[PDB]
Participant: 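Let me give you the structure first, and then I'll get to my questions.
Numbered from 1 within each chain, the chains take letters A, B, ... in sequence-line order. Atoms within each ligand, like the ligands themselves, are counted from 1 in listed order.
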Amino acid sequence: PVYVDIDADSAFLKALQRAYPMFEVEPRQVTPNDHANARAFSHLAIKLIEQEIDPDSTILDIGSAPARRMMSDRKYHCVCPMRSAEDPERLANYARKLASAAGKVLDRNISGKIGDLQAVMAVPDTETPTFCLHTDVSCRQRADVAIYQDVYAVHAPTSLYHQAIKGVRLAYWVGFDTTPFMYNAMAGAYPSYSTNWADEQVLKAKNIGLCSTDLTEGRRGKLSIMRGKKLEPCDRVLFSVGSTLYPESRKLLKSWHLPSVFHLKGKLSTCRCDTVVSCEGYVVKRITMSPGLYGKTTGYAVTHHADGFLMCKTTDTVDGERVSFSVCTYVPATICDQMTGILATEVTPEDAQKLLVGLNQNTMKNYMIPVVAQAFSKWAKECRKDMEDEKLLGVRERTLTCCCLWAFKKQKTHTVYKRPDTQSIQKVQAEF
Amino acid sequence: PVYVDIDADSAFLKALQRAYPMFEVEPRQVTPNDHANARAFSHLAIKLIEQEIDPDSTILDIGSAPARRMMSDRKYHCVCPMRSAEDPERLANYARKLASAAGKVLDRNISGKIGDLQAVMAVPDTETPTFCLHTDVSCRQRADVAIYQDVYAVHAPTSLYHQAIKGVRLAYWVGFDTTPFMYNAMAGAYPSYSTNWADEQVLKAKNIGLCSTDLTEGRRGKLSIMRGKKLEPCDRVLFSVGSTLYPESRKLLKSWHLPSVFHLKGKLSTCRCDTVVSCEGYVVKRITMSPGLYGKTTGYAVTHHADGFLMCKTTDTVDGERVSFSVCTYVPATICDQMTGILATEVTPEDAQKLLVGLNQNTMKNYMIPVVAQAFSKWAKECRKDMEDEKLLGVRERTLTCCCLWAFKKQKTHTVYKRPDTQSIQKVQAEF
Amino acid sequence: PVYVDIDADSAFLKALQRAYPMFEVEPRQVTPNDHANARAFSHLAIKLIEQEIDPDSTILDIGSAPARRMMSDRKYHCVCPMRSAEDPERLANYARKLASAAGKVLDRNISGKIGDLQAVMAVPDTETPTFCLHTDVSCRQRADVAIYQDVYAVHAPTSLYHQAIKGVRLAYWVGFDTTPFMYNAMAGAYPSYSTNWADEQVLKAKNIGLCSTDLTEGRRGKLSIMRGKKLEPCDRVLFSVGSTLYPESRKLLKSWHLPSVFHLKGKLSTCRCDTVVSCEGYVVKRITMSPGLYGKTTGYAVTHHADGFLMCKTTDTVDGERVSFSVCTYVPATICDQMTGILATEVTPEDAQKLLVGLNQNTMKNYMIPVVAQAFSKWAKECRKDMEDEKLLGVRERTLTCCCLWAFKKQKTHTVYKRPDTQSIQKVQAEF
Ligand SMILES: C[S@@+](CC[C@H](N)C(=O)[O-])C[C@H]1O[C@@H](n2cnc3c(N)ncnc32)[C@H](O)[C@@H]1O
Ligand SMILES: C[S@@+](CC[C@H](N)C(=O)[O-])C[C@H]1O[C@@H](n2cnc3c(N)ncnc32)[C@H](O)[C@@H]1O
Ligand SMILES: C[S@@+](CC[C@H](N)C(=O)[O-])C[C@H]1O[C@@H](n2cnc3c(N)ncnc32)[C@H](O)[C@@H]1O
Ligand SMILES: [Zn+2]
Ligand SMILES: [Zn+2]
Ligand SMILES: [Zn+2]
């Protein structure tokens with residue numbers, strides 16, 4: 001009987017129950033959290049991890065908040081490298097809770113957790129069995145299972161290797177789906193979790209999920225020192241999960257988009273990465289490690305789309321300058337199935353938006369209805385073009401460019417639309 | 001009373017109950033598996049195999065996961081050649097299970113399986129009665145029945161001969177239907193199992209089940225070193241069963257499309273291959289083995305279509321380059337029977353898609369709906385052409401090409417549509 | 001109380017009950033057999049044969065599987081020539097079953113059947129009372145009744161004479177209706193049994209029951225060594241009953257289309273052939289023997305059509321080459337009676353197909369609806385021409401071709417449509 005701090009009549013509830021069929025999910029709202037869905041998913045993911053693994057095993061959780069691991073009889077190595085700015089306050093709250101139940105609870109090893117804390121504030125390199133202050137690439141504990149809950153700011157292969165050489169055979173990564181970042185989107189949204197994200201180059205946009213601009217009359221533009229001439233995604237992006245900000249990096253996010261099979265080649269030598277939980281943009285990936293190189297890797301990563309996924313071209317204004325960039329999002333499967341019949345023809349963005357609103361009135365958040373409509377209007381258009389320019393079966397028409405090279409014409413692809421029950425396949429680096 | 005890890009209200013349930021009338025299939029969902037239908041079908045296939053064969057017989061299963069064979073009183077030779085990269089993790093889980101029930105269960109010969117495991121990790125050539133680490137062409141155990149559960153990456157005649165010389169009289173192959181690869185399709189889908197497969201040449205496509213492309217403006221194409229000038233399916237294909245990747249080969253897949261009667265001719269010398277279970281793209285084939293050469297072989301293989309099967313030409317964009325290739329899929333029999341009345345005429349693909357959507361709103365997955373529409377729109381067109389160009393009865397009009405040869409005009413065949421209650425007959429190699 | 005391994009709600013059930021009024025047919029599905037109707041008909045045919053004949057008589061069954069004849073107190077001479085490739089496997093299964101009830105059942109003479117088996121695998125010419133390994137024209141057993149269940153690959157007069165000189169007075173042939181093959185059809189279908197059959201020259205066709213072709217762009221045809229110039233049925237045909245292949249010969253199949261009265265003239269010298277069971281393409285014919293020559297023969301064979309029978313010209317593509325050939329099938333009597341009103345006029349194949357589908361939506365299989373429509377569209381057309389070109393009563397207009405010969409004009413006959421309650425009369429050879 002798992003309890004979730006969400007509304008008793010929230011639409012996400014059902015989806016959550018579909019994501020965790022082995023648990024009886026019951027709502028109990030005690031906080032008007034702006035991102036309660038994320039916390040509920042994280043709670044059920046942790047409960048699933050505890051259920052699925054060995055009860056007698058030390059559990060190290062990378063970059064974790066020690067306050068959340070309370071009331072858990074399982075041994076936890078709450079790794080707190082003290083790197084981020086939020087960590088001192090998390091430790092303060094954890095110490096407050098640890099000092100508030102000295103003679104209240106005894107089965108949760110709190111009596112030894114007090115000693116562990118007193119030890120770690122004596123010598124900075126104090127590797128207590130249950131708590132330490134080091135990064136994941138420097139901790140010396142030798143446990144069996146690793147946990148990365150909402151940990152995106154770290155290189156996945158390096159950390160996985162560092163725990164693999166540390167005896168960790170199982171790793172769990174609970175976090176946002178990394179498929180949008182393998183598509184190189186300038187901005188995107190997880191509407192089911194009230195989450196938005198955007199590259200720093202479009203944080204001053206107008207009509208995206210995470211942006212803020214100013215009223216202007218259409219004056220002369222900035223005498224920019226840099227010409228620009230190109231708007232391409234940069235490494236630094238901003239995540240707004242409710243009203244909370246996280247600065248993330250595209251390289252580190254893509255590092256966690258591990259293929260199904262990959263190799264770890266360092267001092268010690270195959271590994272697997274499978275998506276065991278996937279709900280409306282939040283995923284739980286079960287990585288498992290095994291010493292010795294066995295088999296061979298294709299370097300291919302697969303994402304299965306229960307709901308529709310879109311990455312489309314859209315025109316906005318950044319600081320008042322009209323530009324076009326890519327925006328990604330998720331659309332519920334019911335909406336995608338109801339849109340199949342209409343999308344057989346060329347539909348204008350306005351009619352598509354009106355039909356989408358009619359199907360909504362809310363299954364999907366209205367704030368991203370327009371762009372999706374445009375996406376569909378592009379998709380149904382492009383497919384129609386593929387109807388008109390029917391090529392011969394198995395013939396490529398390439399022109400010899402007066403040299404030893406061959407060139408072809410690339411069509412206009414404005415929308416990438418992964419329908420429900422489809423899969424995105426992306427070539428990724430293996431054999432780290 | 002067989003229990004299936006599927007939803008309690010899933011549409012596939014009924015089809016599953018229609019595939020195993022001997023059993024009482026009851027749903028019990030404990031995992032949100034992206035490919036639960038595949039595992040349910042495999043489970044019932046194993047149960048059917050166990051019911052239909054001799055209880056007193058050592059049962060060797062080729063390339064099997066030893067964890068699934070637990071709680072089975074029948075003797076199992078779990079052959080684990082340690083070739084793929086997922087196998088060490090399977091052995092780790094199997095050893096965990098074998099060490100977690102030492103004093104718990106005693107009727108499953110686990111006490112002896114522990115000794116077998118400790119034997120196999122002592123000498124690499126330890127052929128224990130219940131476990132060994134060798135390929136199917138090198139193991140020396142002499143049992144009576146062979147099982148190939150989801151084993152596609154092996155040569156069927158070679159493995160069948162190697163087990164026939166080992167005394168194996170019965171072989172079972174549970175896996176995806178191999179008819180699409182005898183048709184040489186570039187890509188295909190088993191929608192009832194959320195499965196999408198594609199040739200490596202078209203993994204960067206736009207609107208197929210297994211693909212992922214990027215947004216482009218229509219720039220100059222790649223200055224390719226190879227001219228191309230032909231798009232034909234290659235040996236390497238990728239399977240996505242839910243969110244799991246499998247690199248398969250066309251030759252080994254076609255090797256398992258055995259004819260009804262074929263001969264094994266080596267050191268020792270008829271064989272039969274029949275499809276005993278067939279459900280919406282997943283088949284269980286019962287190969288029966290017999291020493292000596294008896295009768296004669298036609299070299300013909302037969303596939304019966306309970307549901308409609310389609311392999312049609314479709315135009316997509318691979319890496320932004322517009323090409324045309326073949327895509328195959330299955331369509332429910334109810335849909336095919338409802339489409340029969342209108343397909344007497346020429347119907348545009350848009351009208352076909354709208355009629356398909358009206359008949360769907362879901363019997364079939366919507367992401368396959370458009371292309372099937374195209375297929376039907378092509379098929380109904382081509383049939384109409386055969387109506388217009390009525391030839392004479394038993395006359396072939398071939399022109400003498402000013403030589404001792406004869407030539408004829410080939411018509412445009414863009415769609416192969418095997419309706420329900422039809423059969424595909426393909427000439428394959430016999431007498432290996 | 002006969003039990004049939006068919007669905008409890010199958011539409012064939014009623015027809016089966018109409019074909020065996022003396023039995024109580026009850027469904028009991030224990031296998032998802034692709035050709036369960038054929039096996040149910042064979043079971044009831046065998047049981048009807050057993051009921052209708054002398055309980056105290058040795059019953060030799062030609063080319064039979066010995067596993068089927070189990071649980072039958074009647075003495076059986078299961079003749080197994082070992083000619084086909086399926087015989088080692090059926091005998092292996094039979095030995096398994098005989099060895100699995102050595103202390104279970106004792107009223108089925110199994111204790112003596114074990115001795116008979118041990119005898120036949122000692123000397124190859126061991127003619128045991130109940131089992132032997134010889135062809136029907138070499139076995140020396142002298143019994144009273146012969147049974148040919150699904151035995152098409154043998155010459156009817158030769159085998160019938162060979163068992164007539166062996167004292168067999170009664171013979172039963174349970175198999176497929178041979179009327180389509182006396183009409184010399186290139187392809188055909190028994191839809192009620194999911195059965196198709198095609199000549200080897202049209203196995204690469206496009207839109208028939210048993211065919212499989214490939215997508216082509218309409219390129220240059222094969223530089224054939226043979227000119228062709230004629231497409232006529234050949235001796236070798238392929239039968240697909242569900243998903244099982246049988247290579248049959250037209251000569252041996254037509255051999256069993258025996259007339260009502262025929263003579264056997266050899267060393268010993270009338271015989272009768274009557275169709276005692278007929279159901280939707282499956283026939284049980286009762287042949288009765290009498291020594292000596294009595295009466296005289298007309299050489300005429302009669303087939304009574306309870307349901308409509310069609311053989312019509314249709315245009316398809318064999319290996320992409322557009323040709324026209326004959327296709328035969330059966331149509332339910334209700335459909336034919338509903339077809340009578342509108343066939344008084346000329347009806348386009350499209351309208352005929354639409355009205356046929358309206359009458360169907362399934363009484364008849366949809367996959368053969370179009371061609372039948374074409375057939376009807378031709379038939380109602382040709383009849384109309386006979387109405388327009390009204391000749392005189394008893395006058396034959398024939399031109400003297402400047403010689404002692406006379407010639408007439410032959411009309412275009414594209415469809416033969418034997419309506420229900422009609423008979424096909426064919427002149428066949430007698431006095432073998
Ligand atoms: C989201 S915050 C902590 C919340 C945590 N994900 C949870 O749900 O319990 C991410 C944390 O990762 C830690 N971190 C930063 N860099 C790290 C690294 N290189 N290795 C391990 N942890 C790190 C930071 O201290 C930061 O507090
Ligand atoms: C799908 S995985 C195992 C799962 C298995 N099909 C099951 O359901 O239990 C296929 C396995 O076949 C094994 N294999 C690969 N090549 C083989 C070969 N040549 N002979 C026998 N097994 C092989 C690999 O070790 C791989 O783990
Ligand atoms: C349809 S299969 C047997 C199944 C059998 N009719 C039944 O329903 O039980 C055809 C069989 O005819 C047998 N056969 C082939 N040639 C024969 C011959 N010349 N005389 C008698 N039987 C023959 C073969 O052994 C083969 O098994
Ligand atoms: Zn530590
Ligand atoms: Zn072995
Ligand atoms: Zn005999």
Side-chain angles (χ1 to χ4, degrees), chain A residues 38-39 42-43 45-46 60-69 78-91 133-139 146-155 158-159 162-163 173-175 239 241 244 246 248 252 294-295, chain B residues 38-39 42-43 45-46 58 60-69 76-91 116 120 125-139 141-143 146-155 158-159 162-163 166 173-175 239 241 244 246 248 252:
Chain A
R39 293 163 67 67
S42 282
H43 206 260
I46 291 294
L60 56 91
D61 39 338
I62 310 281
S64 45
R68 340 182 47 98
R69 297 301 171 266
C78 264
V79 178
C80 310
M82 254 312 176
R83 158 145 253 191
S84 285
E86 311 90 10
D87 293 298
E89 320 161 359
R90 316 247 188 66
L91 275 207
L133 312 162
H134 298 94
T135 169
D136 59 4
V137 289
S138 82
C139 162
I147 294 191
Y148 307 64
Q149 169 135 278
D150 312 293
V151 162
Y152 322 87
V154 82
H155 204 248
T158 307
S159 291
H162 269 72
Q163 336 297 294
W173 190 86
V174 181
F239 272 74
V241 183
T244 305
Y246 311 114
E248 241 92 35
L252 288 191
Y294 275 73
Chain B
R39 298 162 65 63
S42 279
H43 193 251
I46 293 299
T58 288
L60 59 92
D61 39 338
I62 310 283
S64 41
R68 341 180 49 100
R69 295 302 170 265
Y76 270 108
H77 208 26
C78 263
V79 165
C80 313
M82 254 312 168
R83 266 180 190 231
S84 280
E86 313 95 5
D87 294 288
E89 324 158 356
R90 312 240 189 68
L91 274 205
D116 292 325
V120 297
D125 284 330
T126 311
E127 188 67 29
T128 76
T130 77
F131 191 88
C132 90
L133 313 158
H134 298 96
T135 168
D136 60 13
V137 285
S138 74
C139 163
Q141 191 109 22
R142 285 205 71 240
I147 295 192
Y148 305 68
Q149 169 135 278
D150 307 340
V151 173
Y152 322 86
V154 81
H155 204 251
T158 307
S159 289
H162 259 88
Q163 321 297 280
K166 263 141 82 173
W173 190 87
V174 186
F239 272 72
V241 183
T244 300
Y246 302 107
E248 281 301 321
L252 296 175

Participant: Can you list the ligand 2 atoms lying under 4.0 Å from a non-hydrogen atom of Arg90(B)?
Facilitator: 2 (S), 3 (C), 27 (O)
Participant: Run down the list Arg69(B), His155(B), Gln149(B) and name the one with the heavy atom closest to atom 6 (N) of ligand 2.
Facilitator: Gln149(B)
Participant: With a 4.5 Å cut-off on side-chain heavy atoms, are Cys139(B) and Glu127(B) touching?
Facilitator: yes
Participant: If you have a sec, work out which protein heavy atom is nearest atom 16 (N) of ligand 1 and how many Å separate them, to one decimal?
Facilitator: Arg83(A) CD, 3.8 Å
Participant: Could you check atom 26 (C) of ligand 1 against the protein and tell me its nearest heavy-atom contact, residue, atom and distance included?
Facilitator: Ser84(A) OG, 3.5 Å
Participant: Could you list the atoms of ligand 2 found under 4.0 angstrom from a heavy atom of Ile62(B)?
Facilitator: 21 (C)
Participant: Is there a nitrogen or oxygen of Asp87(A) sitting under 3.5 Å from a nitrogen or oxygen of ligand 1?
Facilitator: yes
Participant: Should you measure from each heavy atom of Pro81(B), which atoms of ligand 2 turn up under 4.0 Å away?
Facilitator: 21 (C), 22 (N), 23 (C)
Participant: Among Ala65(A), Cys78(A), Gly63(A), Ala38(A), which residue places a heavy atom closest to atom 3 (C) of ligand 1?
Facilitator: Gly63(A)
Participant: Do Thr58(B) and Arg142(B) come within less than 4.5 Å of each other through their side chains, counting heavy atoms only?
Facilitator: no
Participant: Provide the number and element of each atom of ligand 2 under 4.0 Å from a heavy atom of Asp150(B).
Facilitator: 1 (C), 6 (N), 8 (O)
Participant: So, do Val137(A) and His155(A) sit near enough that their side-chain heavy atoms are less than 4.5 Å apart?
Facilitator: no
Participant: With respect to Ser64(A), determine whether any N or O atom, backbone or side chain, lies less than 3.5 Å from an N or O atom of ligand 1.
Facilitator: no
Participant: Decide, counting backbone as well as side-chain atoms, whether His77(B) has an N, O or S atom less than 2.8 Å from the Zn ion (ligand 5).
Facilitator: yes
Participant: Considering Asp61(A), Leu91(A), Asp136(A), which one's heavy-atom position lies nearest to atom 20 (N) of ligand 1?
Facilitator: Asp136(A)
Participant: Return the orientation label for the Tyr152(B) and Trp173(B) ring planes: parallel under 30°, perpendicular over 60°, tilted otherwise.
Facilitator: perpendicular
Participant: Under 3.5 Å, is there a donor-acceptor pair between the side chain of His162(A) and the main chain of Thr158(A)?
Facilitator: yes
Participant: Measure the shortest side-chain to side-chain distance between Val154(B) and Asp136(B) over non-hydrogen atoms and say whether it is less than 4.5 angstrom.
Facilitator: yes
Participant: Which atoms of ligand 2 have any heavy atom of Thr135(B) under 4.0 Å away?
Facilitator: 18 (C), 19 (N), 20 (N)
Participant: Have a look at the Zn ion (ligand 5) and estimate, to 10 degrees, the angle subtended by OE2 (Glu127(B)) and SG (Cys139(B)).
Facilitator: 90°
Participant: Report yes if some heavy atom in the side chain of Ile46(A) is under 4.5 Å from a heavy atom in the side chain of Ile147(A); otherwise report no.
Facilitator: yes
